[PDB]
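Peer 1: Below is the structure I would like to discuss, written out as C-alpha cells.
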Amino acid sequence: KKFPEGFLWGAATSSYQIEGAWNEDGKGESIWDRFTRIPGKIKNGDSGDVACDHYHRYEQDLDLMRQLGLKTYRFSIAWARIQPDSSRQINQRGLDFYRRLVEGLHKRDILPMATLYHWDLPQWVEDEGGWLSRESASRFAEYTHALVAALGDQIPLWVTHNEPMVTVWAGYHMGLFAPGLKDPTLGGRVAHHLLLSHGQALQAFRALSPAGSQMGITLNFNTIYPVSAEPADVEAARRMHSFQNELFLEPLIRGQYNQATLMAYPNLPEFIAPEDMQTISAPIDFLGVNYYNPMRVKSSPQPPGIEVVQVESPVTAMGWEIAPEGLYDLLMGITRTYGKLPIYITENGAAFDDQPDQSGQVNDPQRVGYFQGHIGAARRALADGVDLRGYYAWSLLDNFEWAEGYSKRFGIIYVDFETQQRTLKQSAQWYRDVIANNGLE
Ligand code: NA
Ligand code: NA
Ligand code: NA
Ligand code: NA
Ligand code: NA
Ligand code: NA
Ligand code: NA
Ligand code: NA
Ligand code: NA
Ligand code: NA
Ligand code: NA
Ligand code: NA
Ligand code: NA
Ligand code: NA
Ligand code: NA
Ligand code: NA
Ligand code: NA
Ligand code: NA
Ligand code: NA
Ligand code: NA
Ligand code: NA
Ligand code: NA
C-alpha cells in the first residue's frame with residue numbers, strides 16, 4: 001500500500017486567503033478587497049486584509065513546510081500584486097515576492113505548483129467587464145505570459161484556473177462571492193470566458209515552452225449519488241452529474257459543451273467564436289482535482305426537476321458530508337470517461353472546530369480520520385488504474401474561508417490570528433508520518 005516512488009505529497013493555500021499586506025508594495029485592489037468591504041457579505045465582518053500575514057511571514061511558513069517533509073506546495077499568485085492597475089504595467093515588487101517564495105521552495109527541495117487565478121481578480125479587470133467580457137481572456141493570457149516568462153523554468157507545475165464552477169455559481173448565480181452578481185442567465189457566458197482564458201493562457205505557456213514545466217487546470221467536483229434506485233432519481237442524478245461535474249471537463253477534453261450545459265444556458269452558443277472550442281480543448285498536461293464531499297440528489301416535479309438532499313451526519317463544520325468513497329468514485333469516473341490522464345488532487349481536507357488545549361497543542365482526530373479515509377480512497381483509485389501523481393492537503397494553514405471568514409479552520413497548521421503564532425496540529429504530525437512512510441499506517 002506504499003504509493004509510487006516519487007509521489008508528490010503537498011499542501012495547498014491561495015493568495016487572498018493567506019497573504020494579507022492587501023495595500024502594500026503597490027498591490028492594486030482586487031474584487032475580494034472590494035467585496036470584503038461590503039457590510040453583511042462576510043461572517044463577523046472579516047476580511048483578508050491581514051489573514052495569515054504570509055506576505056511578511058513566508059519564510060516561517062517555508063520552514064513549516066520543510067518540517068513536514070512536503071514534496072510540493074501549491075500556492076496562488078495574486079494577479080493584483082503583478083498588475084495593480086489598468087496601465088497593465090508590471091509591478092516589480094509584487095513579482096519579486098513570488099520570485100523569493102519560489103527560490104525558498106527550491107532551497108528546501110519543495111516543488112512549486114502555482115495557481116494563476118484563485119479568485120482574486122484585479123478590480124481594473126472587473127472595471128473592463130471582468131469575466132463577462134471576452135477581452136478578459138486576453139488580459140489573463142498577458143498576465144500568464146508575464147509570469148511564465150518570469151518564473152516558468154522555476155515552477156514545474158502551473159494551474160490556470162481554480163474551480164471555475166465556483167466563480168460561475170457563487171460569483172454570478174448566487175452573489176455569495178465576489179463580484180457578487182445574482183443573475184443565473186450569465187453563467188454560460190462566464191463559463192465560456194473562463195474556459196477561453198484557460199485556453200489562451202495555455203497557448204501562451206506552449207509558446208514559451210519553459211524547461212521541465214507543465215500546465216493544467218484545477219476543477220472542483222461533487223460525486224453525485226441518487227437517493228434511491230428509482231428511475232426518476234437516477235435520471236436526476238445523471239443530469240446533475242453532467243452539469244455539476246462535466247460542465248468544464250466536456251469542453252476541455254472533447255471540445256464541445258454537453259447537453260445539460262446548453263439547456264441550462266441556452267444562449268451559450270452566442271459567445272462561441274469559430275476558433276474558440278479548438279483553443280479551449282488544446283491538450284493540458286494534467287488535471288487538478290478538488291474534492292471535499294458528495295452530493296445526494298432526488299427527482300422533483302418542480303423546475304429544474306432536481307433536488308439536492310442535505311445530509312445531517314457525518315459532516316464537517318461546513319456541514320459537508322464525509323464520504324471518502326466519493327473521492328474514489330470521482331477519480332475512477334473521470335478516468336473511465338475522459339481517459340487515463342495525469343491527475344493531481346489539488347485540494348482535499350476538512351474544517352473542524354479546533355481549539356488549543358491547556359498545554360497549547362491542537363489535537364484534531366476528526367481531521368486525521370478525514371485524511372485517513374480519503375488518502376486510502378486515493379490509493380485504491382491509483383491501484384485500479386488512475387494516474388494519480390500527487391495529493392495536496394487543503395490547507396497548509398488555517399485561513400480566510402471566503403464568506404465564512406475566520407469561523408472555519410481547514411489548516412493542518414493552527415494559526416492564532418491575534419498573534420500569528422503557528423502550531424502544527426495532530427493532523428500535520430500524522431501527515432508528516434504518511435509522507436515519510438510514502439503511505440498509510
Ligand atoms: Na492579500
Ligand atoms: Na461588516
Ligand atoms: Na452580518
Ligand atoms: Na478585517
Ligand atoms: Na523536508
Ligand atoms: Na533556490
Ligand atoms: Na536552490
Ligand atoms: Na480601472
Ligand atoms: Na464580451
Ligand atoms: Na476585459
Ligand atoms: Na496585460
Ligand atoms: Na502557442
Ligand atoms: Na507556439
Ligand atoms: Na422517469
Ligand atoms: Na451547483
Ligand atoms: Na488544438
Ligand atoms: Na469541510
Ligand atoms: Na470537507
Ligand atoms: Na468539530
Ligand atoms: Na464561504
Ligand atoms: Na467569521
Ligand atoms: Na484575522
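Naming scheme: A, B, ... for chains in displayed order of the C-alpha cells; residues 1 onward per chain; ligands 1 onward as shown.
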Write as a PyMOL selection string the residues around ligand 10, taking 12 Å as the cut-off and counting only C-alpha atoms and all ligand atoms.
Peer 2: chain A and resi 86+88+121-142+193-194+197
Peer 1: Could the residues in this selection be written to a file with N, CA, C and O atoms, as a short mmCIF file (atom, residue, chain, number, x, y, z; two decimals), in the first residue's frame?
Peer 2:
data_model
loop_
_atom_site.label_atom_id
_atom_site.label_comp_id
_atom_site.auth_asym_id
_atom_site.auth_seq_id
_atom_site.Cartn_x
_atom_site.Cartn_y
_atom_site.Cartn_z
N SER A 86 -4.99 49.58 -14.53
CA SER A 86 -5.32 49.50 -15.95
C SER A 86 -4.19 49.85 -16.92
O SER A 86 -4.34 49.66 -18.13
N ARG A 88 -1.67 48.19 -17.15
CA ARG A 88 -1.17 46.83 -17.43
C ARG A 88 0.32 46.66 -17.10
O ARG A 88 0.90 45.60 -17.32
N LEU A 121 -9.47 38.44 -8.75
CA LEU A 121 -9.36 39.29 -9.94
C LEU A 121 -9.00 40.75 -9.59
O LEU A 121 -9.60 41.32 -8.68
N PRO A 122 -8.04 41.35 -10.31
CA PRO A 122 -7.80 42.79 -10.08
C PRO A 122 -9.04 43.59 -10.40
O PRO A 122 -9.72 43.31 -11.40
N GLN A 123 -9.36 44.56 -9.55
CA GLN A 123 -10.51 45.42 -9.80
C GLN A 123 -10.45 46.10 -11.18
O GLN A 123 -11.49 46.28 -11.83
N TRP A 124 -9.25 46.44 -11.66
CA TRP A 124 -9.15 47.04 -13.00
C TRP A 124 -9.70 46.13 -14.10
O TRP A 124 -10.29 46.61 -15.05
N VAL A 125 -9.52 44.82 -13.95
CA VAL A 125 -10.09 43.89 -14.93
C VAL A 125 -11.61 43.85 -14.81
O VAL A 125 -12.33 43.82 -15.83
N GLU A 126 -12.11 43.87 -13.57
CA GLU A 126 -13.56 43.96 -13.33
C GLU A 126 -14.15 45.24 -13.93
O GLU A 126 -15.25 45.22 -14.49
N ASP A 127 -13.40 46.34 -13.84
CA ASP A 127 -13.83 47.62 -14.43
C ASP A 127 -13.92 47.53 -15.97
O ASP A 127 -14.64 48.33 -16.59
N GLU A 128 -13.17 46.61 -16.57
CA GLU A 128 -13.20 46.36 -18.02
C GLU A 128 -14.12 45.18 -18.38
O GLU A 128 -14.01 44.59 -19.46
N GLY A 129 -15.01 44.85 -17.45
CA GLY A 129 -16.04 43.84 -17.69
C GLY A 129 -15.90 42.54 -16.93
O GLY A 129 -16.85 41.74 -16.85
N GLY A 130 -14.71 42.31 -16.37
CA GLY A 130 -14.44 41.04 -15.69
C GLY A 130 -14.72 39.86 -16.61
O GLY A 130 -14.52 39.95 -17.83
N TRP A 131 -15.18 38.75 -16.03
CA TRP A 131 -15.39 37.52 -16.83
C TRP A 131 -16.57 37.60 -17.81
O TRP A 131 -16.70 36.74 -18.66
N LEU A 132 -17.39 38.64 -17.68
CA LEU A 132 -18.44 38.87 -18.67
C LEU A 132 -17.85 39.27 -20.02
O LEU A 132 -18.43 38.99 -21.06
N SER A 133 -16.67 39.88 -19.98
CA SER A 133 -16.05 40.37 -21.20
C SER A 133 -15.08 39.36 -21.77
O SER A 133 -14.17 38.89 -21.08
N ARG A 134 -15.25 39.06 -23.05
CA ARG A 134 -14.34 38.20 -23.79
C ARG A 134 -12.88 38.67 -23.69
O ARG A 134 -11.95 37.85 -23.66
N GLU A 135 -12.67 39.98 -23.62
CA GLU A 135 -11.33 40.54 -23.59
C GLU A 135 -10.57 40.17 -22.32
O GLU A 135 -9.35 40.23 -22.29
N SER A 136 -11.30 39.79 -21.27
CA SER A 136 -10.62 39.36 -20.04
C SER A 136 -9.78 38.09 -20.24
O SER A 136 -8.81 37.88 -19.50
N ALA A 137 -10.14 37.28 -21.24
CA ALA A 137 -9.35 36.10 -21.61
C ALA A 137 -7.99 36.51 -22.15
O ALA A 137 -6.97 35.85 -21.87
N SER A 138 -7.97 37.59 -22.93
CA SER A 138 -6.71 38.13 -23.43
C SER A 138 -5.90 38.77 -22.30
O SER A 138 -4.69 38.59 -22.23
N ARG A 139 -6.57 39.48 -21.39
CA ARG A 139 -5.84 40.04 -20.23
C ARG A 139 -5.19 38.92 -19.42
O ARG A 139 -4.05 39.03 -18.94
N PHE A 140 -5.93 37.85 -19.19
CA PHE A 140 -5.44 36.69 -18.45
C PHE A 140 -4.24 36.03 -19.17
O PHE A 140 -3.31 35.60 -18.58
N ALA A 141 -4.32 35.96 -20.48
CA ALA A 141 -3.20 35.42 -21.18
C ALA A 141 -1.97 36.32 -21.13
O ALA A 141 -0.92 35.78 -21.14
N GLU A 142 -2.16 37.66 -21.12
CA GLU A 142 -0.99 38.53 -21.00
C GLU A 142 -0.34 38.40 -19.61
O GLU A 142 0.89 38.39 -19.46
N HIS A 193 -15.95 32.30 -21.06
CA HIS A 193 -14.79 33.18 -20.96
C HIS A 193 -13.72 32.66 -20.01
O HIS A 193 -12.53 32.81 -20.28
N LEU A 194 -14.14 32.00 -18.92
CA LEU A 194 -13.15 31.32 -18.07
C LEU A 194 -12.39 30.25 -18.87
O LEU A 194 -11.15 30.18 -18.82
N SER A 197 -10.10 31.86 -21.42
CA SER A 197 -8.91 32.40 -20.74
C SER A 197 -7.90 31.30 -20.43
O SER A 197 -6.70 31.48 -20.59
#
Peer 1: Give me, as a VMD selection string, all polymer residues having an atom no more than 10 Å from residue 434 in chain A, counting only C-alpha atoms and skipping those fewer than 2 positions away in the same chain.
Peer 2: chain A and resid 2 9 68 to 69 372 375 428 to 432 436 to 441
Peer 1: Dump N, CA and C atoms for the selected residues as a short mmCIF file (atom, residue, chain, number, x, y, z; two decimals), in the first residue's frame?
Peer 2:
data_model
loop_
_atom_site.label_atom_id
_atom_site.label_comp_id
_atom_site.auth_asym_id
_atom_site.auth_seq_id
_atom_site.Cartn_x
_atom_site.Cartn_y
_atom_site.Cartn_z
N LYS A 2 2.15 1.13 -0.21
CA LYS A 2 3.01 2.27 -0.49
C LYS A 2 2.52 2.93 -1.76
N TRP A 9 3.54 14.47 -2.40
CA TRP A 9 2.74 14.86 -1.23
C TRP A 9 2.91 16.34 -0.97
N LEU A 68 7.48 19.46 7.79
CA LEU A 68 6.54 18.38 7.46
C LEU A 68 7.10 17.42 6.42
N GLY A 69 8.15 17.82 5.71
CA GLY A 69 8.70 17.00 4.64
C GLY A 69 7.91 17.08 3.34
N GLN A 372 -7.25 10.02 6.68
CA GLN A 372 -7.05 8.57 6.63
C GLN A 372 -7.97 7.94 5.58
N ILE A 375 -7.16 9.63 1.75
CA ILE A 375 -5.88 9.16 1.19
C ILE A 375 -5.99 7.65 0.87
N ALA A 428 -1.12 17.50 11.05
CA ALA A 428 0.19 17.81 10.43
C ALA A 428 1.24 16.75 10.80
N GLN A 429 1.28 16.41 12.09
CA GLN A 429 2.21 15.38 12.59
C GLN A 429 1.95 14.03 11.94
N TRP A 430 0.67 13.67 11.86
CA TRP A 430 0.22 12.44 11.21
C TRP A 430 0.61 12.46 9.73
N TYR A 431 0.39 13.59 9.06
CA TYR A 431 0.69 13.71 7.63
C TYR A 431 2.19 13.61 7.35
N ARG A 432 3.00 14.25 8.19
CA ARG A 432 4.45 14.10 8.10
C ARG A 432 4.82 12.61 8.10
N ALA A 436 6.65 10.41 5.10
CA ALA A 436 7.89 9.68 5.38
C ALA A 436 7.77 8.19 5.05
N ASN A 437 6.57 7.65 5.27
CA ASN A 437 6.24 6.25 5.01
C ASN A 437 5.84 6.01 3.55
N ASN A 438 5.63 7.11 2.83
CA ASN A 438 5.02 7.11 1.49
C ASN A 438 3.68 6.36 1.44
N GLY A 439 2.87 6.53 2.48
CA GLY A 439 1.57 5.89 2.52
C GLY A 439 1.06 5.73 3.93
N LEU A 440 -0.12 5.13 4.05
CA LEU A 440 -0.78 4.97 5.34
C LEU A 440 -0.13 3.91 6.22
N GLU A 441 -0.46 3.98 7.51
CA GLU A 441 -0.09 3.03 8.57
C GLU A 441 1.18 3.41 9.30
#
Peer 1: So that I can check the surroundings of range 12-18 of chain A, please list as a list in words every protein, DNA and RNA residue that reaches within 7 Å of it, counting only C-alpha atoms and ignoring chain neighbours fewer than 5 positions away.
Peer 2: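 Once the adjacent positions are removed, what remains is residues 48, 51, 52, 53, 54, 73, 74, 75, 76, 77, 78, 118, 120, 347, 392, 393, 394, 395, 396, 399, 400 and 401 of chain A.
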Peer 1: If you keep N, CA and C atoms, can you produce a file of those selected residues as an mmCIF file, in the first residue's frame?
Peer 2:
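Output contents, as saved in again_9.cif:
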data_model
loop_
_atom_site.group_PDB
_atom_site.id
_atom_site.type_symbol
_atom_site.label_atom_id
_atom_site.label_comp_id
_atom_site.auth_asym_id
_atom_site.auth_seq_id
_atom_site.Cartn_x
_atom_site.Cartn_y
_atom_site.Cartn_z
ATOM 1 N N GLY A 48 -9.640 39.595 4.200
ATOM 2 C CA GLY A 48 -8.257 39.158 4.011
ATOM 3 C C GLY A 48 -7.227 40.272 4.155
ATOM 4 N N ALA A 51 -5.152 38.412 7.226
ATOM 5 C CA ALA A 51 -5.159 36.952 7.055
ATOM 6 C C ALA A 51 -4.023 36.315 7.862
ATOM 7 N N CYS A 52 -3.202 35.486 7.209
ATOM 8 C CA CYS A 52 -2.078 34.819 7.896
ATOM 9 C C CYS A 52 -0.787 35.627 7.843
ATOM 10 N N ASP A 53 -0.866 36.844 7.299
ATOM 11 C CA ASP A 53 0.299 37.728 7.176
ATOM 12 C C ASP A 53 1.447 37.007 6.463
ATOM 13 N N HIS A 54 1.099 36.140 5.515
ATOM 14 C CA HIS A 54 2.100 35.300 4.845
ATOM 15 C C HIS A 54 3.027 36.095 3.928
ATOM 16 N N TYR A 73 4.353 22.178 -2.892
ATOM 17 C CA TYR A 73 3.490 23.163 -2.246
ATOM 18 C C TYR A 73 2.721 23.906 -3.329
ATOM 19 N N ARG A 74 1.400 23.972 -3.176
ATOM 20 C CA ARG A 74 0.508 24.656 -4.111
ATOM 21 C C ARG A 74 0.099 25.997 -3.518
ATOM 22 N N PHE A 75 0.432 27.075 -4.225
ATOM 23 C CA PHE A 75 0.019 28.419 -3.831
ATOM 24 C C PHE A 75 -0.649 29.078 -5.037
ATOM 25 N N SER A 76 -1.323 30.202 -4.808
ATOM 26 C CA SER A 76 -1.783 31.001 -5.947
ATOM 27 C C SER A 76 -1.062 32.347 -5.983
ATOM 28 N N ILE A 77 -1.066 32.941 -7.171
ATOM 29 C CA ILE A 77 -0.421 34.234 -7.424
ATOM 30 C C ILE A 77 -1.515 35.300 -7.429
ATOM 31 N N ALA A 78 -1.323 36.349 -6.618
ATOM 32 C CA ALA A 78 -2.242 37.492 -6.581
ATOM 33 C C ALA A 78 -2.023 38.366 -7.823
ATOM 34 N N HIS A 118 -6.870 32.244 -8.495
ATOM 35 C CA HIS A 118 -7.652 31.692 -7.415
ATOM 36 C C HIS A 118 -8.577 32.805 -6.850
ATOM 37 N N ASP A 120 -9.091 36.133 -7.044
ATOM 38 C CA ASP A 120 -8.771 37.469 -6.671
ATOM 39 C C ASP A 120 -8.457 38.352 -7.900
ATOM 40 N N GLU A 347 -6.783 19.814 -4.040
ATOM 41 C CA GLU A 347 -7.343 20.113 -2.703
ATOM 42 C C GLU A 347 -8.177 18.943 -2.206
ATOM 43 N N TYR A 392 -2.542 17.078 -2.547
ATOM 44 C CA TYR A 392 -2.348 18.328 -1.799
ATOM 45 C C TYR A 392 -3.451 18.513 -0.744
ATOM 46 N N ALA A 393 -3.062 18.470 0.524
ATOM 47 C CA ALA A 393 -3.991 18.748 1.606
ATOM 48 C C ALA A 393 -4.411 20.213 1.572
ATOM 49 N N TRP A 394 -5.724 20.459 1.570
ATOM 50 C CA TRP A 394 -6.227 21.803 1.874
ATOM 51 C C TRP A 394 -6.509 21.829 3.375
ATOM 52 N N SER A 395 -5.838 22.690 4.148
ATOM 53 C CA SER A 395 -4.861 23.674 3.681
ATOM 54 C C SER A 395 -3.624 23.558 4.549
ATOM 55 N N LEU A 396 -2.506 24.107 4.082
ATOM 56 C CA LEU A 396 -1.322 24.213 4.949
ATOM 57 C C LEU A 396 -1.654 24.927 6.272
ATOM 58 N N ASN A 399 -7.023 29.672 7.552
ATOM 59 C CA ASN A 399 -7.010 30.872 6.734
ATOM 60 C C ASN A 399 -8.384 31.512 6.575
ATOM 61 N N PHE A 400 -8.455 32.525 5.711
ATOM 62 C CA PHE A 400 -9.704 33.232 5.432
ATOM 63 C C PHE A 400 -10.582 32.386 4.514
ATOM 64 N N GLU A 401 -11.627 31.787 5.080
ATOM 65 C CA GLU A 401 -12.503 30.911 4.312
ATOM 66 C C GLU A 401 -13.652 31.702 3.659
#
Peer 1: Smallest atom-to-atom distance to residue 421 in chain A: which of A:60, A:36, A:346, A:355, using only C-alpha atoms?
Peer 2: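 Of all the options, A:60 lies closest to residue 421 in chain A.
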Peer 1: Just want the 6 Å neighbourhood of residue 287 in chain A, counted on only C-alpha atoms, with same-chain residues fewer than 4 positions away dropped. Output as a JSON list (two decimals) with N, CA, C and O atoms, in the first residue's frame.
Peer 2:
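The resulting file, around_24.json, is shown below:
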[["chain", "number", "residue", "atom", "x", "y", "z"],
["A", 216, "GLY", "N", -1.77, 22.74, -16.30],
["A", 216, "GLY", "CA", -3.10, 22.18, -16.30],
["A", 216, "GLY", "C", -4.13, 23.16, -15.76],
["A", 216, "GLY", "O", -3.93, 24.39, -15.80],
["A", 217, "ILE", "N", -5.24, 22.61, -15.28],
["A", 217, "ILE", "CA", -6.34, 23.40, -14.72],
["A", 217, "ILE", "C", -6.91, 22.63, -13.54],
["A", 217, "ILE", "O", -6.89, 21.40, -13.56],
["A", 343, "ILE", "N", -3.42, 13.08, -13.07],
["A", 343, "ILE", "CA", -4.26, 13.80, -12.12],
["A", 343, "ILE", "C", -3.46, 14.11, -10.85],
["A", 343, "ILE", "O", -2.75, 13.25, -10.33]]
Peer 1: Can you pull out every residue within 8 Å of range 265-281 of chain A, counting only C-alpha atoms, but drop anything in the same chain fewer than 2 positions away, and send it as a PyMOL selection string?
Peer 2: chain A and resi 185+187-189+192+195-196+198-200+203+251-256+261-263+283
Peer 1: Give the answer as one residue: which of A:31, A:147, A:236, A:65 has the shortest atom-to-atom distance to ligand 14, using only C-alpha atoms and all ligand atoms?
Peer 2: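 Comparing A:31, A:147, A:236, A:65 against ligand 14, the winner is A:236.
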Peer 1: Where in range 181-253 of chain A does DSSP assign helix (DSSP H, G or I), given as a count of residues only?
Peer 2: 46
Peer 1: Please produce, as CSV, a per-residue contact table for chain A versus ligand 12 (criterion: any atom at most 7 Å away, only C-alpha atoms and all ligand atoms considered), showing the nearest atom pair and its distance in Å to one decimal, sorted by chain then residue number.
Peer 2:
residue,atom,partner,partner_atom_place_in_ligand_line,distance
A:203,CA,ligand 12,1 (Na),3.8
A:204,CA,ligand 12,1 (Na),5.4
A:205,CA,ligand 12,1 (Na),6.9
A:206,CA,ligand 12,1 (Na),4.7
A:207,CA,ligand 12,1 (Na),4.2
Peer 1: Taking only C-alpha atoms and all ligand atoms into account, report as a PyMOL selection string which residues have an atom no farther than 7 Å from an atom of ligand 3.
Peer 2: chain A and resi 40+42-45
Peer 1: If you keep C-alpha atoms, can you produce a file of those selected residues as a CSV table (one decimal), in the first residue's frame?
Peer 2:
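The result, written out as out.csv:
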chain,number,residue,atom,x,y,z
A,40,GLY,CA,-23.1,41.7,5.6
A,42,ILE,CA,-18.7,38.1,5.3
A,43,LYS,CA,-19.3,36.4,8.6
A,44,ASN,CA,-18.1,38.5,11.6
A,45,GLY,CA,-17.2,41.3,9.1
Peer 1: May I ask you to write as an MDAnalysis selection string all residues lying at most 10 Å from ligand 6, with only C-alpha atoms and all ligand atoms counted?
Peer 2: chainID A and resid 99:110 154
Peer 1: Save out the residues we just selected, C-alpha atoms, as an mmCIF file, in the first residue's frame.
Peer 2:
data_model
loop_
_atom_site.group_PDB
_atom_site.id
_atom_site.type_symbol
_atom_site.label_atom_id
_atom_site.label_comp_id
_atom_site.auth_asym_id
_atom_site.auth_seq_id
_atom_site.Cartn_x
_atom_site.Cartn_y
_atom_site.Cartn_z
ATOM 1 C CA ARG A 99 10.420 35.001 -7.069
ATOM 2 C CA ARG A 100 11.574 34.929 -3.415
ATOM 3 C CA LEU A 101 8.894 32.388 -2.466
ATOM 4 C CA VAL A 102 9.814 30.074 -5.350
ATOM 5 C CA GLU A 103 13.550 30.393 -4.596
ATOM 6 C CA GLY A 104 12.779 29.429 -0.986
ATOM 7 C CA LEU A 105 10.758 26.417 -2.110
ATOM 8 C CA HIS A 106 13.653 25.172 -4.252
ATOM 9 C CA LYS A 107 16.124 25.808 -1.425
ATOM 10 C CA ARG A 108 14.134 23.305 0.662
ATOM 11 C CA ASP A 109 13.584 20.772 -2.173
ATOM 12 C CA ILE A 110 9.884 21.565 -2.381
ATOM 13 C CA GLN A 154 11.385 27.589 -11.770
#
